[PDB]
>>> print(open('upload_11.cif').read())   # mmCIF, C-alpha atoms
data_data
#
loop_
_atom_site.label_atom_id
_atom_site.label_comp_id
_atom_site.auth_asym_id
_atom_site.auth_seq_id
_atom_site.Cartn_x
_atom_site.Cartn_y
_atom_site.Cartn_z
CA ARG P 2 -18.12 10.60 -32.14
CA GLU P 3 -19.12 11.16 -28.51
CA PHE P 4 -17.98 9.48 -25.30
CA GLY P 5 -19.10 5.86 -25.24
CA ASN P 6 -17.99 4.63 -28.67
CA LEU P 7 -14.60 6.28 -29.17
CA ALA P 8 -12.40 3.21 -28.63
CA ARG P 9 -12.46 -0.37 -27.35
CA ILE P 10 -10.42 -0.51 -24.13
CA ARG P 11 -10.19 -3.64 -21.98
CA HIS P 12 -8.50 -4.58 -18.69
CA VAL P 13 -7.33 -1.01 -18.00
CA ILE P 14 -7.61 0.40 -14.47
CA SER P 15 -7.14 4.11 -13.77
CA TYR P 16 -6.64 5.51 -10.27
CA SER P 17 -7.11 9.21 -9.56
CA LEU P 18 -7.45 11.35 -6.44
CA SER P 19 -9.26 14.57 -5.69
CA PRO P 20 -7.63 17.95 -6.38
CA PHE P 21 -8.56 19.04 -2.86
CA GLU P 22 -6.84 15.98 -1.39
CA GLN P 23 -3.66 16.45 -3.42
CA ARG P 24 -1.38 19.43 -4.07
CA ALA P 25 -1.29 21.84 -7.00
CA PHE P 26 2.54 22.05 -6.95
CA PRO P 27 3.86 18.67 -5.75
CA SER P 28 7.66 19.09 -5.61
CA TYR P 29 7.58 21.89 -8.17
CA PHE P 30 11.35 22.48 -8.06
CA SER P 31 13.05 19.29 -6.84
CA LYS P 32 11.35 17.37 -9.65
CA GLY P 33 10.67 20.27 -12.02
CA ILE P 34 14.34 21.19 -12.51
CA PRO P 35 15.54 17.65 -13.46
CA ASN P 36 12.52 17.35 -15.78
CA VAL P 37 13.17 20.66 -17.55
CA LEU P 38 16.89 19.94 -18.01
CA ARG P 39 15.91 16.45 -19.22
CA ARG P 40 13.66 17.97 -21.89
CA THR P 41 16.26 20.62 -22.79
CA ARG P 42 18.97 17.96 -23.16
CA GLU P 43 16.66 15.76 -25.25
CA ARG P 44 15.64 18.55 -27.65
CA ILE P 45 18.61 20.93 -27.56
CA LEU P 46 20.59 19.50 -30.50
CA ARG P 47 17.80 20.07 -33.04
CA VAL P 48 17.14 23.80 -32.46
CA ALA P 49 20.35 25.35 -31.11
CA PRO P 50 22.62 24.67 -34.18
CA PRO P 51 20.14 26.29 -36.63
CA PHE P 52 19.63 29.23 -34.28
CA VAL P 53 23.35 29.79 -33.71
CA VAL P 54 24.09 29.63 -37.43
CA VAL P 55 21.30 32.21 -37.88
CA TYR P 56 23.18 34.36 -35.36
CA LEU P 57 26.44 33.85 -37.27
CA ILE P 58 24.84 34.75 -40.62
CA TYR P 59 23.26 37.83 -39.00
CA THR P 60 26.52 39.13 -37.54
CA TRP P 61 28.53 38.27 -40.68
CA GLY P 62 25.99 40.07 -42.86
CA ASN P 63 26.13 43.13 -40.61
CA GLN P 64 29.95 43.08 -40.61
CA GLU P 65 30.17 42.66 -44.39
CA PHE P 66 27.58 45.42 -44.84
CA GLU P 67 29.64 47.79 -42.69
CA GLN P 68 32.82 46.95 -44.62
CA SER P 69 30.87 47.49 -47.85
CA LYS P 70 29.94 50.99 -46.69
CA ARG P 71 33.55 51.43 -45.54
CA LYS P 72 35.90 53.39 -47.80
CA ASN P 73 37.87 51.53 -50.46
CA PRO P 74 41.62 52.04 -49.89
CA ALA P 75 42.34 51.21 -53.54
CA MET P 76 41.51 54.75 -54.71
CA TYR P 77 44.03 56.92 -52.89
CA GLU P 78 44.92 58.88 -56.04
CA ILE E 127 -6.68 -26.38 4.69
CA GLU E 128 -5.45 -27.27 1.19
CA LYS E 129 -8.92 -28.35 0.03
CA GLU E 130 -10.46 -25.15 1.39
CA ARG E 131 -7.68 -23.18 -0.32
CA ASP E 132 -8.86 -24.68 -3.61
CA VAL E 133 -12.46 -23.92 -2.60
CA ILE E 134 -11.73 -20.28 -1.68
CA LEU E 135 -9.85 -19.75 -4.96
CA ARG E 136 -12.84 -21.15 -6.87
CA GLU E 137 -15.23 -18.96 -4.87
CA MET E 138 -13.00 -15.95 -5.54
CA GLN E 139 -13.38 -16.70 -9.25
CA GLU E 140 -17.14 -16.97 -8.76
CA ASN E 141 -17.17 -13.70 -6.80
CA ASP E 142 -15.42 -11.64 -9.43
CA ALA E 143 -17.54 -13.44 -12.00
CA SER E 144 -20.33 -11.42 -10.39
CA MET E 145 -20.12 -7.71 -10.99
CA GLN E 146 -21.61 -5.65 -8.15
CA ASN E 147 -19.20 -7.18 -5.62
CA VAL E 148 -16.27 -6.04 -7.78
CA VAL E 149 -17.54 -2.45 -7.70
CA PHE E 150 -18.23 -2.81 -3.96
CA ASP E 151 -14.61 -3.81 -3.29
CA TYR E 152 -13.27 -1.20 -5.73
CA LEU E 153 -15.29 1.54 -4.02
CA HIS E 154 -14.00 0.50 -0.60
CA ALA E 155 -10.43 0.36 -1.92
CA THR E 156 -10.53 3.81 -3.52
CA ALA E 157 -12.43 5.23 -0.52
CA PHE E 158 -10.33 3.86 2.35
CA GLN E 159 -6.98 3.46 0.57
CA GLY E 160 -4.00 3.10 2.88
CA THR E 161 -6.21 1.81 5.72
CA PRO E 162 -7.28 -1.69 6.85
CA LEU E 163 -10.78 -0.89 5.53
CA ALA E 164 -9.73 -0.98 1.86
CA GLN E 165 -8.64 -4.62 1.87
CA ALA E 166 -11.33 -7.12 0.94
CA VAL E 167 -12.89 -9.75 3.20
CA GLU E 168 -11.63 -12.70 1.15
CA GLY E 169 -8.19 -11.12 0.69
CA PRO E 170 -5.84 -11.46 -2.27
CA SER E 171 -4.88 -14.66 -4.05
CA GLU E 172 -1.25 -14.45 -2.94
CA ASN E 173 -2.42 -14.36 0.69
CA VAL E 174 -4.71 -17.30 -0.09
CA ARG E 175 -1.75 -19.30 -1.35
CA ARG E 176 0.72 -18.35 1.40
CA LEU E 177 -1.58 -18.46 4.46
CA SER E 178 -0.64 -21.33 6.78
CA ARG E 179 -2.02 -22.91 9.94
CA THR E 180 0.14 -20.82 12.30
CA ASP E 181 -1.36 -17.53 11.06
CA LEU E 182 -4.88 -18.96 11.33
CA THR E 183 -4.20 -20.03 14.92
CA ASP E 184 -2.74 -16.59 15.70
CA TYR E 185 -5.85 -14.91 14.29
CA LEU E 186 -8.11 -17.31 16.22
CA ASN E 187 -6.26 -16.69 19.49
CA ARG E 188 -6.15 -12.93 18.84
CA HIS E 189 -9.64 -12.00 17.60
CA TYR E 190 -12.00 -14.62 19.10
CA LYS E 191 -11.95 -13.18 22.61
CA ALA E 192 -14.91 -13.32 24.98
CA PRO E 193 -15.55 -9.53 25.37
CA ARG E 194 -15.90 -9.14 21.57
CA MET E 195 -18.54 -11.87 21.18
CA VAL E 196 -22.33 -11.82 21.40
CA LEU E 197 -24.44 -14.98 21.65
CA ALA E 198 -27.76 -13.77 20.25
CA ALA E 199 -30.89 -15.93 20.16
CA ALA E 200 -34.30 -15.03 18.80
CA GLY E 201 -37.66 -16.74 18.49
CA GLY E 202 -38.91 -19.51 20.73
CA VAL E 203 -35.95 -19.21 23.10
CA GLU E 204 -36.18 -18.84 26.88
CA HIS E 205 -33.56 -16.46 28.24
CA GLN E 206 -32.66 -18.35 31.43
CA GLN E 207 -32.24 -21.60 29.49
CA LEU E 208 -30.00 -19.80 26.99
CA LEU E 209 -27.98 -18.28 29.85
CA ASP E 210 -27.40 -21.59 31.63
CA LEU E 211 -26.54 -23.29 28.33
CA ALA E 212 -23.95 -20.58 27.65
CA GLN E 213 -22.64 -21.06 31.20
CA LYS E 214 -22.40 -24.82 30.67
CA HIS E 215 -20.83 -24.96 27.19
CA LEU E 216 -19.67 -21.54 26.04
CA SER E 217 -18.24 -20.17 29.30
CA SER E 218 -14.48 -19.49 29.51
CA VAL E 219 -13.71 -19.15 25.81
CA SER E 220 -10.32 -17.50 26.28
CA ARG E 221 -10.62 -14.74 28.98
CA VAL E 222 -6.89 -14.05 28.40
CA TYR E 223 -5.06 -12.23 25.62
CA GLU E 224 -1.80 -14.17 26.40
CA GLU E 225 0.20 -10.93 25.90
CA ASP E 226 -1.82 -8.40 27.99
CA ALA E 227 -2.39 -6.62 24.66
CA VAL E 228 -5.82 -5.77 23.26
CA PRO E 229 -5.67 -4.54 19.63
CA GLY E 230 -7.30 -1.21 18.89
CA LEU E 231 -9.13 0.23 15.89
CA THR E 232 -7.46 3.32 14.49
CA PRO E 233 -9.63 5.82 12.59
CA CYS E 234 -9.70 5.26 8.83
CA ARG E 235 -9.04 8.18 6.51
CA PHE E 236 -11.52 8.61 3.66
CA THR E 237 -9.93 9.96 0.47
CA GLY E 238 -11.99 11.43 -2.33
CA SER E 239 -10.87 9.45 -5.35
CA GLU E 240 -11.92 7.38 -8.35
CA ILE E 241 -11.10 3.95 -9.78
CA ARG E 242 -12.01 3.03 -13.36
CA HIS E 243 -11.82 -0.58 -14.54
CA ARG E 244 -12.52 -0.27 -18.26
CA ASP E 245 -13.33 -3.59 -19.95
CA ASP E 246 -15.65 -3.04 -22.90
CA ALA E 247 -16.52 -6.71 -23.49
CA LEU E 248 -19.00 -6.59 -20.60
CA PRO E 249 -22.51 -5.67 -21.80
CA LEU E 250 -23.42 -3.37 -18.88
CA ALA E 251 -21.59 -0.80 -16.77
CA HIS E 252 -21.70 -0.62 -12.97
CA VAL E 253 -20.92 2.74 -11.34
CA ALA E 254 -20.96 3.44 -7.60
CA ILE E 255 -20.58 6.97 -6.19
CA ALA E 256 -20.29 7.49 -2.44
CA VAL E 257 -19.26 9.96 0.25
CA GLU E 258 -18.12 9.37 3.82
CA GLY E 259 -20.83 8.09 6.14
CA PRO E 260 -21.42 9.21 9.70
CA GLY E 261 -20.78 5.97 11.60
CA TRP E 262 -22.78 3.43 13.54
CA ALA E 263 -23.53 5.47 16.68
CA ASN E 264 -24.05 8.82 14.94
CA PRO E 265 -27.62 10.18 15.31
CA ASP E 266 -27.65 11.39 11.68
CA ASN E 267 -27.82 7.79 10.40
CA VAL E 268 -31.63 7.78 10.68
CA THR E 269 -31.89 11.04 8.73
CA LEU E 270 -29.56 9.71 6.02
CA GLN E 271 -31.67 6.54 5.84
CA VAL E 272 -34.72 8.78 5.38
CA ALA E 273 -32.96 10.55 2.49
CA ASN E 274 -31.97 7.20 0.97
CA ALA E 275 -35.60 6.10 1.27
CA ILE E 276 -36.64 9.28 -0.57
CA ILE E 277 -34.22 8.63 -3.44
CA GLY E 278 -34.63 4.88 -3.35
CA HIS E 279 -33.96 1.93 -5.62
CA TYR E 280 -35.23 0.55 -8.92
CA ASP E 281 -34.52 -2.20 -11.42
CA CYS E 282 -35.91 -3.17 -14.81
CA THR E 283 -38.48 -5.59 -13.32
CA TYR E 284 -40.44 -3.00 -11.31
CA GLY E 285 -44.04 -2.67 -12.45
CA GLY E 286 -44.61 0.87 -11.20
#
>>> encode(input="upload_11.cif", output="structure tokens")
Amino acid sequence: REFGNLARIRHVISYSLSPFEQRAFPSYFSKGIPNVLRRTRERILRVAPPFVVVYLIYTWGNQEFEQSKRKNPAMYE
Amino acid sequence: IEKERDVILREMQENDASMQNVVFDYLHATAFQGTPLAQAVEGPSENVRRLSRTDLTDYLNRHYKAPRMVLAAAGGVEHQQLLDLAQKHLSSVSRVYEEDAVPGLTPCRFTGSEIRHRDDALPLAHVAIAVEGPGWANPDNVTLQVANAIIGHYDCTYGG
């Protein structure tokens, strides 16, 4: 329920430092950019194909709609 | 040396069998990390196993100099007798550093930090919280001792 009896943890040592001793943005770009491209590469092949086929269905529906409103060349006479 | 290596390993096991010394060493480690003040007095077990006689002799010839030693006597001791006994036996300990090099104490950086050794099988929890002290020669030590006397100490056997 509360802190004290949540889990049984043994032999685990945690080290932390003070926020005033350390930095808020430690290598925000030189390590942030490889991390964000790592995450994008790991989770890019599960979202991008559905979204691009949504884009294809959207543009094909718009194109077919515009050809449907276009004049039929069968009825010249 | 080998027998005392076995003895110091056994006493290390007895020391971390006790619990306030573990928190004492953990507090010094997390307080003076990166400095020679974090490392414990008894050292690590790997240093226990790899220390040899040459390093002990180097330490003895480096840190047992005369100007860093005080022969202090108290009680029924007569000062002139103590002085002539020191002159007879204890005079001329080293007097030389054999390299013209006296080691110096660099200032130790105190880092605000925390170390948490969670092991729930122990029946009681020991927590030590500290800040940086003033030093030995600082005049505020008496005032801080007054404040520590005001806060104080207690255990479960006090009858107050």
>>> closest_atom_pairs(input="upload_11.cif", of="chain E", to="chain P", cutoff="6 Å", atoms="all atoms listed in the file", output="JSON lines")
{"residue": "E:238", "atom": "CA", "partner": "P:19", "partner_atom": "CA", "distance": 5.3}
{"residue": "E:239", "atom": "CA", "partner": "P:18", "partner_atom": "CA", "distance": 4.1}
{"residue": "E:240", "atom": "CA", "partner": "P:17", "partner_atom": "CA", "distance": 5.3}
{"residue": "E:241", "atom": "CA", "partner": "P:16", "partner_atom": "CA", "distance": 4.8}
{"residue": "E:242", "atom": "CA", "partner": "P:15", "partner_atom": "CA", "distance": 5.0}
{"residue": "E:243", "atom": "CA", "partner": "P:14", "partner_atom": "CA", "distance": 4.3}
{"residue": "E:244", "atom": "CA", "partner": "P:13", "partner_atom": "CA", "distance": 5.2}
{"residue": "E:245", "atom": "CA", "partner": "P:11", "partner_atom": "CA", "distance": 3.7}
{"residue": "E:246", "atom": "CA", "partner": "P:11", "partner_atom": "CA", "distance": 5.6}
>>> closest_residue(input="upload_11.cif", among="E:160, E:140, E:148, E:155", to="residue E:233", atoms="only C-alpha atoms")
E:160
>>> closest_residue(input="upload_11.cif", among="E:256, E:195, E:282, E:182", to="residue E:236", atoms="all atoms listed in the file")
E:256
>>> residues_around(input="upload_11.cif", residues="stretch 172-180 of chain E", least_positions_apart="2", cutoff="12 Å", atoms="only C-alpha atoms", output="short mmCIF file (atom, residue, chain, number, x, y, z; two decimals) with C-alpha atoms, in the coordinates of the input")
data_model
loop_
_atom_site.label_atom_id
_atom_site.label_comp_id
_atom_site.auth_asym_id
_atom_site.auth_seq_id
_atom_site.Cartn_x
_atom_site.Cartn_y
_atom_site.Cartn_z
CA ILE E 127 -6.68 -26.38 4.69
CA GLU E 128 -5.45 -27.27 1.19
CA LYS E 129 -8.92 -28.35 0.03
CA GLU E 130 -10.46 -25.15 1.39
CA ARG E 131 -7.68 -23.18 -0.32
CA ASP E 132 -8.86 -24.68 -3.61
CA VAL E 133 -12.46 -23.92 -2.60
CA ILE E 134 -11.73 -20.28 -1.68
CA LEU E 135 -9.85 -19.75 -4.96
CA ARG E 136 -12.84 -21.15 -6.87
CA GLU E 137 -15.23 -18.96 -4.87
CA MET E 138 -13.00 -15.95 -5.54
CA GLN E 165 -8.64 -4.62 1.87
CA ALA E 166 -11.33 -7.12 0.94
CA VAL E 167 -12.89 -9.75 3.20
CA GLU E 168 -11.63 -12.70 1.15
CA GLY E 169 -8.19 -11.12 0.69
CA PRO E 170 -5.84 -11.46 -2.27
CA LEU E 182 -4.88 -18.96 11.33
CA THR E 183 -4.20 -20.03 14.92
CA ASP E 184 -2.74 -16.59 15.70
CA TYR E 185 -5.85 -14.91 14.29
CA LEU E 186 -8.11 -17.31 16.22
CA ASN E 187 -6.26 -16.69 19.49
#
>>> residues_around(input="upload_11.cif", residues="residue E:234", least_positions_apart="3", cutoff="9 Å", atoms="all atoms listed in the file", output="list in words")
residues 158, 159, 160, 161, 162, 163 and 231 of chain E
>>> closest_residue(input="upload_11.cif", among="E:223, E:214, E:208, E:181", to="residue E:194", atoms="all atoms listed in the file")
E:223
>>> atom_distance(input="upload_11.cif", atom1="atom CA of residue E:164", atom2="atom CA of residue E:279")
25.5 Å
>>> atom_distance(input="upload_11.cif", atom1="atom CA of residue E:273", atom2="atom CA of residue E:259")
12.9 Å
>>> atom_distance(input="upload_11.cif", atom1="atom CA of residue E:227", atom2="atom CA of residue E:191")
11.8 Å
>>> axis_aligned_box(input="upload_11.cif", around="stretch 43-53 of chain P", padding_each_side="5 Å", output="lines of an AutoDock Vina configuration file")
center_x = 19.5
center_y = 22.8
center_z = -30.9
size_x = 17.7
size_y = 24.0
size_z = 21.4
>>> build_atoms(input="upload_11.cif", residues="stretch 128-146 of chain E", atoms="N, CA, C and O atoms", output="PDB file, in the frame of the given file")
ATOM      1  N   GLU E 128      -5.736 -27.284   2.624  1.00  0.00           N
ATOM      2  CA  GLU E 128      -5.450 -27.270   1.190  1.00  0.00           C
ATOM      3  C   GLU E 128      -6.728 -27.354   0.356  1.00  0.00           C
ATOM      4  O   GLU E 128      -6.878 -26.629  -0.644  1.00  0.00           O
ATOM      5  N   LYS E 129      -7.659 -28.227   0.754  1.00  0.00           N
ATOM      6  CA  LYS E 129      -8.920 -28.350   0.030  1.00  0.00           C
ATOM      7  C   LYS E 129      -9.726 -27.054   0.101  1.00  0.00           C
ATOM      8  O   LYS E 129     -10.295 -26.607  -0.903  1.00  0.00           O
ATOM      9  N   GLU E 130      -9.756 -26.416   1.272  1.00  0.00           N
ATOM     10  CA  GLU E 130     -10.460 -25.150   1.390  1.00  0.00           C
ATOM     11  C   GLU E 130      -9.712 -24.014   0.702  1.00  0.00           C
ATOM     12  O   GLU E 130     -10.341 -23.023   0.341  1.00  0.00           O
ATOM     13  N   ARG E 131      -8.396 -24.136   0.509  1.00  0.00           N
ATOM     14  CA  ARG E 131      -7.680 -23.180  -0.320  1.00  0.00           C
ATOM     15  C   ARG E 131      -8.129 -23.269  -1.775  1.00  0.00           C
ATOM     16  O   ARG E 131      -8.355 -22.243  -2.435  1.00  0.00           O
ATOM     17  N   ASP E 132      -8.286 -24.496  -2.276  1.00  0.00           N
ATOM     18  CA  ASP E 132      -8.860 -24.680  -3.610  1.00  0.00           C
ATOM     19  C   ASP E 132     -10.280 -24.126  -3.681  1.00  0.00           C
ATOM     20  O   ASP E 132     -10.653 -23.458  -4.658  1.00  0.00           O
ATOM     21  N   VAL E 133     -11.073 -24.375  -2.636  1.00  0.00           N
ATOM     22  CA  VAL E 133     -12.460 -23.920  -2.600  1.00  0.00           C
ATOM     23  C   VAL E 133     -12.532 -22.390  -2.570  1.00  0.00           C
ATOM     24  O   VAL E 133     -13.353 -21.787  -3.269  1.00  0.00           O
ATOM     25  N   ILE E 134     -11.677 -21.739  -1.778  1.00  0.00           N
ATOM     26  CA  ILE E 134     -11.730 -20.280  -1.680  1.00  0.00           C
ATOM     27  C   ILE E 134     -11.192 -19.633  -2.951  1.00  0.00           C
ATOM     28  O   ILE E 134     -11.656 -18.555  -3.334  1.00  0.00           O
ATOM     29  N   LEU E 135     -10.248 -20.276  -3.654  1.00  0.00           N
ATOM     30  CA  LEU E 135      -9.850 -19.750  -4.960  1.00  0.00           C
ATOM     31  C   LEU E 135     -10.991 -19.854  -5.969  1.00  0.00           C
ATOM     32  O   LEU E 135     -11.251 -18.902  -6.723  1.00  0.00           O
ATOM     33  N   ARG E 136     -11.696 -20.991  -5.976  1.00  0.00           N
ATOM     34  CA  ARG E 136     -12.840 -21.150  -6.870  1.00  0.00           C
ATOM     35  C   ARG E 136     -13.946 -20.152  -6.545  1.00  0.00           C
ATOM     36  O   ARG E 136     -14.561 -19.573  -7.449  1.00  0.00           O
ATOM     37  N   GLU E 137     -14.193 -19.915  -5.257  1.00  0.00           N
ATOM     38  CA  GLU E 137     -15.230 -18.960  -4.870  1.00  0.00           C
ATOM     39  C   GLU E 137     -14.793 -17.528  -5.130  1.00  0.00           C
ATOM     40  O   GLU E 137     -15.637 -16.669  -5.388  1.00  0.00           O
ATOM     41  N   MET E 138     -13.488 -17.250  -5.105  1.00  0.00           N
ATOM     42  CA  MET E 138     -13.000 -15.950  -5.540  1.00  0.00           C
ATOM     43  C   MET E 138     -13.267 -15.732  -7.023  1.00  0.00           C
ATOM     44  O   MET E 138     -13.651 -14.631  -7.447  1.00  0.00           O
ATOM     45  N   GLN E 139     -13.059 -16.781  -7.825  1.00  0.00           N
ATOM     46  CA  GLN E 139     -13.380 -16.700  -9.250  1.00  0.00           C
ATOM     47  C   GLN E 139     -14.873 -16.510  -9.473  1.00  0.00           C
ATOM     48  O   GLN E 139     -15.289 -15.759 -10.363  1.00  0.00           O
ATOM     49  N   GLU E 140     -15.699 -17.174  -8.666  1.00  0.00           N
ATOM     50  CA  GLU E 140     -17.140 -16.970  -8.760  1.00  0.00           C
ATOM     51  C   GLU E 140     -17.556 -15.582  -8.289  1.00  0.00           C
ATOM     52  O   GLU E 140     -18.538 -15.024  -8.791  1.00  0.00           O
ATOM     53  N   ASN E 141     -16.829 -15.016  -7.324  1.00  0.00           N
ATOM     54  CA  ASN E 141     -17.170 -13.700  -6.800  1.00  0.00           C
ATOM     55  C   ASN E 141     -16.845 -12.600  -7.788  1.00  0.00           C
ATOM     56  O   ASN E 141     -17.653 -11.688  -7.996  1.00  0.00           O
ATOM     57  N   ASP E 142     -15.667 -12.652  -8.411  1.00  0.00           N
ATOM     58  CA  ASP E 142     -15.420 -11.640  -9.430  1.00  0.00           C
ATOM     59  C   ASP E 142     -16.031 -11.997 -10.773  1.00  0.00           C
ATOM     60  O   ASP E 142     -15.972 -11.184 -11.702  1.00  0.00           O
ATOM     61  N   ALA E 143     -16.616 -13.192 -10.903  1.00  0.00           N
ATOM     62  CA  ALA E 143     -17.540 -13.440 -12.000  1.00  0.00           C
ATOM     63  C   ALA E 143     -18.786 -12.566 -11.867  1.00  0.00           C
ATOM     64  O   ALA E 143     -19.289 -12.032 -12.862  1.00  0.00           O
ATOM     65  N   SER E 144     -19.297 -12.414 -10.647  1.00  0.00           N
ATOM     66  CA  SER E 144     -20.330 -11.420 -10.390  1.00  0.00           C
ATOM     67  C   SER E 144     -19.731 -10.025 -10.476  1.00  0.00           C
ATOM     68  O   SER E 144     -18.513  -9.840 -10.428  1.00  0.00           O
ATOM     69  N   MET E 145     -20.598  -9.026 -10.607  1.00  0.00           N
ATOM     70  CA  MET E 145     -20.120  -7.710 -10.990  1.00  0.00           C
ATOM     71  C   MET E 145     -20.357  -6.617  -9.955  1.00  0.00           C
ATOM     72  O   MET E 145     -19.566  -5.676  -9.898  1.00  0.00           O
ATOM     73  N   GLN E 146     -21.412  -6.701  -9.142  1.00  0.00           N
ATOM     74  CA  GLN E 146     -21.610  -5.650  -8.150  1.00  0.00           C
ATOM     75  C   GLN E 146     -20.645  -5.784  -6.975  1.00  0.00           C
ATOM     76  O   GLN E 146     -20.309  -4.777  -6.343  1.00  0.00           O
TER      77      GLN E 146
END
